[PDB]
Each structure stands twice: as structure tokens, then as C-alpha cells.
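# so I've got this experimental structure, pasted below with the sequence.
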Amino acid sequence: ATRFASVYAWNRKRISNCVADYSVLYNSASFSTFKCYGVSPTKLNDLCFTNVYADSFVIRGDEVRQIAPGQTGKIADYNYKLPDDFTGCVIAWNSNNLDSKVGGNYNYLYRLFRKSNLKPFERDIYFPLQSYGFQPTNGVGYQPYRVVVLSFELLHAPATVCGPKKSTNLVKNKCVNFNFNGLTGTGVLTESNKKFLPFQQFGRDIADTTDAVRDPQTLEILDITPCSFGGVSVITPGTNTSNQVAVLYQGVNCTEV
Amino acid sequence: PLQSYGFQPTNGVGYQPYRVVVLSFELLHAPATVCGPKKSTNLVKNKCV
Amino acid sequence: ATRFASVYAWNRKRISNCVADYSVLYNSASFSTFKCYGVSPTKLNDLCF
Amino acid sequence: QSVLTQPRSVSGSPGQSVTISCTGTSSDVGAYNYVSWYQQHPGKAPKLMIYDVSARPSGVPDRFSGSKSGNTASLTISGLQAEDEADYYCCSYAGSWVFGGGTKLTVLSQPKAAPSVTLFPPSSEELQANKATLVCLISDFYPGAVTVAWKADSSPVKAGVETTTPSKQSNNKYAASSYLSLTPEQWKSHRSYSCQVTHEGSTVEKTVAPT
Amino acid sequence: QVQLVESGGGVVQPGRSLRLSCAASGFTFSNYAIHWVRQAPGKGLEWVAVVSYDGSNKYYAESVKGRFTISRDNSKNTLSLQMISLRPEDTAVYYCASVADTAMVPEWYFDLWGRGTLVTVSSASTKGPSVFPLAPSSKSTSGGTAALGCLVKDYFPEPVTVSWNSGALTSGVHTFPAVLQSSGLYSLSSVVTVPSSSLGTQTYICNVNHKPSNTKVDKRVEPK
Ligand SMILES: *[C@@H]1O[C@H](CO)[C@@H](O)[C@H](O)[C@H]1NC(C)=O
Ligand SMILES: *[C@@H]1O[C@H](CO)[C@@H](O)[C@H](O)[C@H]1NC(C)=O
Ligand SMILES: *[C@@H]1O[C@H](CO)[C@@H](O)[C@H](O)[C@H]1NC(C)=O
């Protein structure tokens, strides 16, 4: 983009209903830092998401030490705040023709005075508002950097944001390795006798596992059963008689060995 | 064992000098005499506070 | 202070019998980093030493 | 467009104000706000004085000032000092860096001197050597700004022109020279050739004959 | 000290190649763009090229594309300018042009300059001058003042010393600095101002000496 928003007044671009491509943002070497908190930084492709908030502003370069969640600082307690249980990625890279320019860059402002601390994800709108002079034979962390915030929320909703992978035809009555919007797991799948409400996605048990999903492109509902297992037990006489054995499978019948 | 450093503002940031100060407190294990600008409030008895 | 101590012969000044005011020292911005260990820098105004 | 239009020289009294234009195009000047001004001492590198026409960088005195409307920038230097006497250059960057034509600021320190022009025909020994060089000589002029205009009986000739940039002579005025290289067949074809100079708007014309 | 030191200049022939460079000190060279801006002696300014730190984005001028190649090394804080197919209009003082740190000035403007080096693309060799007597016109306006001289033409290199009547003629002598034509040669002019009533008795000889070519031509200046 041509012009961004300030750390005083920032910009919130709500992003939904599109196919993401994080890898092209990952492999391109145009970034000073790439720190994904709560999610592994290369596993960005496989998990499918509900809502995306693109949050862009600019900052003093040493204050990328203070952009971390939980970390205190004059941007953290006054200007821009993350929760402690934040997940997502913050990406910052240098700006020496990008946001650095002459005229100062006094379009972008920072508030240094406030009489309290902040609520996370808040935009607040002596005189408390100032704008830096970007001069690096002082700090090269007194340079402005393009910082961006990719906040995520984990799956509890209709997921609509994920990457470039290709789906496949399903199957039934065979233990497979499934994947639904990022939910992995094993087991067997069958048709649902259970009627389903037209706003949910997930059947969860008492035992905190998933028994019922719906295909995110087909309104059929499937039941999840973990494919059968059992204890392995051996019947034998003593070794001082023979070496013939007897094999016993616990709690499952012989049609599946 | 003792050597000196040259500190010009021409050198890079890693070579500039940095004024550093350490405030080592000893926590209360004895009568305290050092703390912030607060004001006391008058005590009460026989009421949970 | 206009002239400081070298690290070889570093200065230990001692503080007692006074009311601290760290908040004005915190709330002002002149410091590259302000880190505290075993203690959080916002909380010092509460304790008493 | 290709070269930004500037005045070739601006003469001003010391302590006064001068205004130097930087005329470009809509794709060069009026597109963005990125116009610069560059002071270059002779024998040295250039030096930045103005960004983004309004303001100044660090170390630049407030005597330098700019104004832009439409497609013409205007550097304004109030209180002319003798250290401002150098070459001036304006540059714009919309997609590419396009410099200006060049402007020699002349800080006046002595009264105005009109150029004495003496035009010579090429010699007969050169005409036997199948060559011809017209010799137009400029001397004793201040401020240091002349433009040589050759003429063939009414008409301007621009090809084959070699002219010296004005350098100092002994009595603090400047000296110059301009050469017109032609063939002997073009020399004996027309009637008269003229070398016109232009010094602070004043024109001194000398005319020779092939006879 | 923020400092840029050019290298690679010299005197080359047309049709050949050359590689220039510039070393940086005093500033983080990996975070700001350096440029080449060329200036012919006594002429205006002309930008050449630009290189990015990843080595992908480069922009050239219209008289630059297809011949000149800029590259940089962010680790050694130097660069290179590979130049092939050199023509004599490329003869200019070449500046590596970047920006320092202290300024708010970005990299697309021009604050931090270099000292420059000279690149000469020319095929001219050590040539002796041709001394041609500029004949005066005292035969029609006699009685006042006539101007006579001799034309020095087609020599290389600098200098040529001109004396008048073996140094005895001093008053009115003003030898001019030379021109630089397209062929790479030089041409000066020396004209003495004489009284017009002295051309029928006094013979005026200019003594043209070219020391790197060992050329001493004594030419007489007679009226037509
Ligand atoms: C997505 O898949 C569904 C299958 O339920 C189909 O109806 C729809 O046309 C598909 N959209 C595409 C391929 O863009
Ligand atoms: C058990 O094994 C030993 C050695 O193999 C043998 O001597 C003994 O007779 C065995 N016991 C019986 C009851 O066969
Ligand atoms: C396994 O499940 C029950 C329990 O023994 C049995 O009646 C059934 O026939 C077995 N399944 C198959 C496919 O034979």
C-alpha cells in the first residue's frame, strides 16, 4: 500500500472468505523478522481459519522489542496492546524508502502521555501527541519499520480462510487419516443418524473428542468413531512343554485381524 | 589488566558508550524507609479490610 | 551527573531515609531499555524497602 | 521532459533575492511532490538544499526556499552571499530522475562589462586545406553569461558549434571563444556570416565577408 | 565519517569495456540505495543507475540500458558498475551517489555525494597542431586599430604555449583557453591587438610550441 496508518490511529482491515497463501509471504526474503506466537511459523498452511484481521501501522525500530504480547513499554501501555493469550504473527521489516521520507514523516503520530493503561485491541482517539524524527547515526532502531499484525482466532466457528491445498474424495467403513478444516485425527467415518442444527459444525463428546462433523462443502453429516483397537494377550503353556502359542485379541471380534 | 575504549559519535551503535545503572533493592526484612509517593489511609479495627 | 564512574572503579551510591518516586523516572522516556528481574518495573511504586 | 527547463544564468545583487524556475511537465513535476534542488560548486560534488518543495534538510540555511504550482518549481534564495555562487540543479522523481538544464548563479561583485567581440574569417591557407573554422572571440565581460548565436545572412546555424565555457581572465572579467567548423564550399556560397552574443540581454554582433 | 570513494576511472578507447566501483564507510550501506550520476566537464547532471540489496530491482536511464550493469555487495559494503560498449558521449565525471543516516532524506534523493572519478572514452592520440594565420583586415580601415592572430587547431594533449615575436611582443597579447571538439582534439586562439599603421613595416610571428608532441611551428601573420 501507498500510505499506512499511525501507531496513534491504526488500520483494521477485516478479512474473510478468501483462500490464503502464507507461504509466498514466508519464502520471500523481504522481511527483518517473522515471529508467529502460538502457531508454528511454517505450519501456517495447514490450519483453516475463521477470521483474519490485518492490522498495519509504523513504529520506532527499537519498539519491536515492545511489540511482543505481555511485554511492557510505552507503546504497550499507552498506544497498542496485545493480550497475554494472543495467537498469530507479527511481522516487521525495515522502511528506509517505504515509510521513511522527508517532510519528516509527521503524518504518522505517537501518543506518549496517557493517564492509564489499555485494553487489548483498542484504538484511542501537555499535549500528548508527538511524531518522531527518523535519524539513524543514533539508533537504527530510531528508524521506522513496516509492522503488521496477523491476529488469528482458533476454530470455534464456520472456518473460511485457508491455503492452497487440494481436497480429495472421501470414503467410509475404513480407518483413515482425516482432515476437516485443520482438525487432524484417525478413525472410521459413517453416516449420521443424529439430526444436526444448521449453525454448528462440531460434535464433541464428554471425553473432549470429536464424534460428528459436517463436510465444509457438502451438507452431509458424518459420525466419527475411533477405529478399533485392543489389548494383545498370549496364551501358552510353559516353555518346558513346547513352543506352540495361542493369540487372544481383547474386546474386538475376528473379522478385522 | 586495565585497558581503555575510544568513544567517538562517528563509530557505530555497538561501539558507542552507554550509561548503565543498577538499582539493587533488598526486600523488606526490617523497617522499610523507601517507597513511592502514596498517601496513607487511616486505620480501622474490628472490620474486615 | 556530568562525570560518571568507569566500570573498573564503579560507583555504589546508597539510598535510604527518603520517599521514592520511580513513576516520574519510569514515565519519562530517556532510556534505551528498562528491565527488572524478580520484580516488574511498573510495580516498584507499590513495594517498600 | 527529457531535460528540465531552467534559466541558464541568474544575476542578482548581493543581499537581495533571486527566483530560479524549474519548468517541467505534468508527468515530471505535477505528478508527485518530489522535486529537489542541488547546489554544485565547481571542482566539487553537488549538495542538496531543498526537498519536497516546501522544506529544507539539516545544515541548510533558511535562505534557501522553494515554491511550486503546477509544473514549475521556483527556488528562492534571499540574502545572496558570495558562497552561493555556483551551479544550480533541480531534479524530480516520479518514475525516473530527470535533472535540470543548469543554472549558474552570479553574485555581482563589480559593475557590468559588455563583451568585446572580434570575428575572424578562416584563413586562405585553411581554405586550401579543404577546411574552414570561423573564429568568434569574447572577452572583457561581467557577469559571466554569454550565448553565441551564429547566423547565415538571416538564419541561425546550430551544427558544428564549439564554444568555450567562460573562464577567468587577468582583470577579474571573463574570456570565451566560439568556433564554427564548416566546409569551404559553404563559405563561398552565402553572402555574410555573423556571430551574435547575448550578455545579460545585450547583443553585440560582428559580421565578416568571404570576399 | 559517512564517506563514498569511487574507483575504476581512467582513460579508455571506444568499443572497449570498463568496471567502476565505490566503497562505503560511516553508514550502514545495506539499508540505503546508491546511484550513479554522471556529469560531463562543464555540463549538467545525468543519472545512470541503481541497484537493490537483493539484486533484483535495477533501473537504468535511456542512454544506459543494454550496456551498463550495476551490482553491489552488502557484506563488503562496496559495489560494482560493469560497463560495456563505451562511446565518447559517456565521457563524464562519475559519482557514486547515496544518502547518509543523519538526514531524514531518503535514498531516492541525493544528499551524500562522492568525490568522483574521471572516465574518458576517446581515441585521439598525440597530434601536433596546425597553425593557421588569422589574417587581419587593416587594408580598408587603416589608421585606427587592427586585430590579427593565428589559429591553433587539431592538437592533443594540453598544453600549447604561444608567444609573439619571440616574446618581444607583449602588449595586447591574450592567448585564449582551448575548446574540446568531438574528435577528442583541442584548439586554442591567440590574437594580439596591434595599431593598424604598423602592419606595413612590422612582421608579426606567433611562436606555437607543443611540448608533448615536439611541434614548433613559426607562422607569419600577413594582411590579405
Ligand atoms: C466448491 O465446491 C462445491 C461443492 O459442494 C461446489 O458446489 C462449488 O461450485 C465449488 N466452488 C468452486 C469450485 O469454486
Ligand atoms: C524342565 O526342564 C529341565 C531342563 O530342560 C528338565 O530337566 C526337566 O525335566 C523339565 N521338567 C519337566 C517336568 O519336564
Ligand atoms: C463383530 O461384531 C459382532 C459381535 O461379535 C458380531 O455379531 C458381528 O457379526 C461381527 N462383525 C462381522 C462383520 O461379522
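Okay, I see it. Residues are numbered from 1 along each chain as shown, chains lettered A, B, ... in the order given. Ligands and ions are numbered 1, 2, ... in the order given.
# OK, contacts around residue 38?
Just so you know, I chose chain A. Contacts for residue A:38 (CB atoms under 8 Å, 6 or more residues apart in numbering or on different chains) come out as A:86-88, A:152. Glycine gets a C-beta too; all of them are placed from N, C-alpha and C.
# my question was about chain E
E:45-48, E:90, E:92-95.
# only the buried subset of those residues, as a PyMOL command please.
The PyMOL command for the buried members of those (criterion: 16 or more other CB atoms under 10 Å in any protein chain shown) is given here:
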select buried, chain E and resi 45+46+47+48+90+92+93+94+95
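# between the contacts of residue E:38, which is closest to chain A?
residue E:47 (16.0 Å; CB to the nearest CB).
# quick check: the gap between that closest one and chain D.
Going from residue E:47 to chain D by CB to the nearest CB, to the nearest Å gives 4 Å.
# show me the beta-bridge partners of that residue.
Counting by DSSP bridges, residue E:47 is bridged to residue E:37.
# isn't it right up against residue D:92?
No. Residue E:47 is beyond contact range of residue D:92, at 11.2 Å (criterion: CB atoms under 8 Å).
# which helix or which strand is home to the nearest residue to residue A:31 once chain neighbours are set aside?
Nearest residue to residue A:31 in three dimensions, chain neighbours excluded: residue A:93, at 4.5 Å (CB to CB, 6 or more residues apart in numbering or on different chains). Per DSSP states H and E: residue A:93 is located in strand A:88-94.
# would you mark the buried spots in that strand?
A:88-92, A:94.
# stretch A:223-234: which residues count as buried?
So for stretch A:223-234, counting by 16+ other CB under 10 Å, buried means A:223-224.
# and it, how far apart are its ends?
Terminal residues of stretch A:223-234 lie 34 Å apart, using CA to CA, to the nearest Å.
# how far does it sit from its chain's centre?
Taking the mean of its C-alpha atoms, stretch A:223-234 sits 33 Å from the chain's own mean (CA atoms, centre = their mean, to the nearest Å).
# for stretch A:111-122, same thing?
Averaging C-alpha positions (CA atoms, centre = their mean) puts stretch A:111-122 26 Å from its chain's average.
# first-to-last residue distance for it?
So stretch A:111-122: terminal residues 14 Å apart, CA to CA.
# flag every buried residue along it.
A:111-112, A:118, A:121.
# same question, stretch D:188-200
For stretch D:188-200, by 16+ other CB under 10 Å, it's D:193-197, D:199-200.
# wait, what's in contact with the residue in chain D that chain A sits nearest to?
Among all residues of chain D, residue D:51 sits closest to chain A, at 4.3 Å; criterion: CB to the nearest CB. Shown in contact with residue D:51 (CB under 8 Å, 6+ apart): A:102-103, D:34, D:36, D:57, E:105, E:109.
# columns neighbour count and distance to residue D:175 on top of these, output as CSV?
Below are the contacts of residue D:51 laid out as CSV (neighbours: other CB atoms under 10 Å in any protein chain shown; distance: CB to CB, whole Å):
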residue, neighbour count, distance to residue D:175
A:102, 21, 42
A:103, 12, 45
D:34, 19, 40
D:36, 28, 33
D:57, 19, 37
E:105, 23, 39
E:109, 26, 37
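# got the contact list for the residue of the stretch 51-200 of chain A at minimum distance from chain C?
With CB to the nearest CB, the shortest gap between the stretch 51-200 of chain A and chain C falls at residue A:74, namely 6.1 Å. Counting by CB under 8 Å, 6+ apart, residue A:74 makes contact with A:63, A:66, A:112, C:29.
# from those residues, which two are the most distant?
Across the contacts of residue A:74, the longest distance by CB to CB is 13.2 Å; it joins A:66 and A:112.
# the residue in chain D that chain E sits nearest to - nearest residue in space that isn't next to it in sequence?
Taking CB to the nearest CB, chain E has its nearest neighbour within chain D at residue D:45, 3.7 Å off. Of all residues not flanking residue D:45 in the chain, residue E:113 sits nearest, at 3.7 Å (CB to CB, 6+ apart).
# got it, and residue A:137?
Nearest residue to residue A:137, sequence neighbours excluded (CB to CB, 6+ apart): residue E:101, at 4.5 Å.
# can you check residue D:187 too?
residue D:132 (4.9 Å).
# which ones are touching the one you found?
The contact partners of residue D:132, taken as CB under 8 Å, 6+ apart, are D:122, D:126, D:181-184, D:186-187.
# hmm, which of the residues you listed are the buried ones?
Counted by 16+ other CB under 10 Å, those give D:122, D:126, D:181-182, D:184, D:187 as buried.
# let me know the closest of these to residue E:53.
residue D:181 (48.8 Å).
# show me which parts of stretch A:120-139 are buried, residue by residue.
So, applying 16+ other CB under 10 Å, buried residues of stretch A:120-139: A:121, A:132, A:134, A:136-137.
# which residues touch the residue sitting nearest the centre point of chain E?
Centroid-nearest residue in chain E, with CA atoms, centre = their mean: residue E:41, separated by 4.9 Å. By CB under 8 Å, 6+ apart, the contact list for residue E:41 reads E:92-93.
# torsion angles phi and psi at it?
Dihedral pair for residue E:41: phi -60, psi 110, per degrees, to the nearest 10.
# if I look at it, how far off is residue E:92?
Separation of residue E:41 from residue E:92 (CB to CB, to the nearest Å): 8 Å.
# buried sites along stretch A:94-107?
Under 16+ other CB under 10 Å, the buried positions of stretch A:94-107 are A:94-96, A:99-102, A:105.
# might one say that the residue nearest to residue A:31 is in contact with residue A:99?
No. Residue A:93 sits out of contact with residue A:99 when judged by CB under 8 Å, with a separation of 10.4 Å.
# overlap of the contact sets of those two?
With CB under 8 Å, 6+ apart as the test, residue A:93 and residue A:99 both reach A:145-146.
# distance from the centroid: which residue in chain D tops it?
Largest centroid distance in chain D under CA atoms, centre = their mean is residue D:128 at 35.7 Å.
# quick check: it vs residue D:189, distance?
Taken as CB to CB, the span from residue D:128 to residue D:189 is 18 Å.
# what does residue A:71 give?
87 Å.
# do residue A:204 as well
As judged by CB to CB, residue A:204 and residue D:189 stand 104 Å apart.
# again, but for residue E:173
When residue E:173 is compared with residue D:189 (using CB to CB), they lie 35 Å apart.
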